[PDB]
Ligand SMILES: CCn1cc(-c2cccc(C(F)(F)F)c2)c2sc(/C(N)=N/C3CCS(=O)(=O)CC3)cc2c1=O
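Here you get one chain, nothing else, as C-alpha cells; it is the form solved without this ligand.
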C-alpha cells in the first residue's frame, strides 16, 4: 500500500524547478559546477547542490518534501553567495533565485492560503 502517491508529488516539484530555472539567474547554475563552470565550488563549497543536480534527484524521488528541497536549494544559494562576492549579477542572481524558489515552493503545498507565523 502507498506508492503511486509519490509520482504526483514529483510532478509538482518538477514544475517548481522548471518555473524557477526559467527565471534567468538559474540559467548559469542549471548545470553541475566545476573547475571551469565555477570559480572553485568543488574546492570550497563541498555540497553546492546545483539546480541540475537537485532536479536530477527529484526525478528519483529524492526530493518530495519542502524541507528536503529547501535544505538543498538553500545550500546552493548560501554556498553560491559565500563563494561569490557582489561582482556583477552573480550575487544578485543567487539572492533573486532564493526569493523565487521560496515563493514557488508555497504553490505545490497550498492547503488554503497560509500556515502559521
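Positions refer to the first chain, counted from 1.
Below, we turn to the form deposited with this ligand bound, even though it does not appear here.
A residue is said to contact a partner when one of its heavy atoms sits within 4.5 Å of a partner heavy atom; residue 63 fails this definition for this ligand in the deposited bound form, lying far away. Within this chain, residue 85 lines the site of this ligand in the deposited bound form, having a heavy atom no more than 4.5 Å away. The closest heavy atom approach of residue 69 to this ligand in the deposited bound form falls outside 4.5 Å. Residue 43 falls outside the set of residues with a heavy atom inside 4.5 Å of this ligand in the deposited bound form.
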